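1. PDB entry and its sequence, pasted below:
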Amino acid sequence: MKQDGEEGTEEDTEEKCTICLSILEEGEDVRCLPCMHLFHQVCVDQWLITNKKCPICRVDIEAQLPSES
Ligand SMILES: [Zn+2]
Ligand SMILES: [Zn+2]
């Protein structure tokens, strides 16, 4: 069908899925975690269920870090 790529500077914060190792295209309801990383909403919503630790940073995020309601 179609493909896309990247354009910008990216150090180590917001680039591609790393929980699953895939991509994050804009337009979907993705999620950002405060552990300087973002992944598919489902991916975080599973990695915090079956696990409890930042995929890259490996510090236990414990959840409830950012405000929720
Ligand atoms: Zn993912
Ligand atoms: Zn992180």
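-> Here it is on my side, so go on. Numbering: from 1, shown residues only. Ligands and ions are numbered 1, 2, ... in the order given.
2. neighbours of the residue nearest to residue 32 when sequence neighbours are not counted, just the number please.
-> Nearest non-adjacent residue to residue 32, counting by Cβ to Cβ, 6 or more residues apart in numbering: residue 38, 3.9 Å away. The C-beta positions use only the backbone N, C-alpha and C, and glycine is treated the same way. Burial of residue 38 is recorded as 21 neighbouring residues (other Cβ atoms under 10 Å).
3. who are the packing partners of the helix or strand containing residue 38?
-> Using DSSP states H and E, residue 38 sits within strand 37-40. Packed against strand 37-40 by the contact rule (3 or more Cβ pairs under 8 Å, 6 or more residues apart in numbering; DSSP states H and E) you find strand 30-33.
4. what's the strand it packs on in contact with?
-> Counting contacts by Cβ atoms under 8 Å, 6 or more residues apart in numbering, the residues outside strand 30-33 that touch it are 14, 24, 38, 39, 40, 41, 43, 44, 45, 54, 61, 65.
5. so what strands line up beside it?
-> Next to strand 30-33 in the sheet, as set by DSSP bridges, lie strand 37-40 (antiparallel).
6. okay, the partner strand in PDB with CA atoms only?
-> Output of strand 37-40 as PDB, limited to C-alpha atoms (Å, rounded to 0.1, in the frame of the first residue of the first chain):
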ATOM      1  CA  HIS A  37       9.900   7.300  26.100                       C
ATOM      2  CA  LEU A  38       6.600   6.700  24.200                       C
ATOM      3  CA  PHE A  39       4.900   3.600  22.800                       C
ATOM      4  CA  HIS A  40       1.600   2.200  21.600                       C
END
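7. touching ligand 2 at all, it?
-> Yes: Strand 37-40 comes into contact with ligand 2 (Cβ under 5 Å from the ion), by way of residue 37.
8. ligand 2 contacts on the chain?
-> Counting by Cβ under 5 Å from the ion, the chain sits next to ligand 2 at 35, 36, 37, 54, 56, 57.
9. possible to save those as CSV with distance to residue 19?
-> Converted to CSV, the residues of the chain next to ligand 2 look like this (distance: Cβ to Cβ, whole Å):
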residue, distance to residue 19
35, 11
36, 14
37, 9
54, 10
56, 9
57, 12
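10. tell me where this structure has helices.
-> Under the criterion DSSP state H, the chain contains helices at 41-47.
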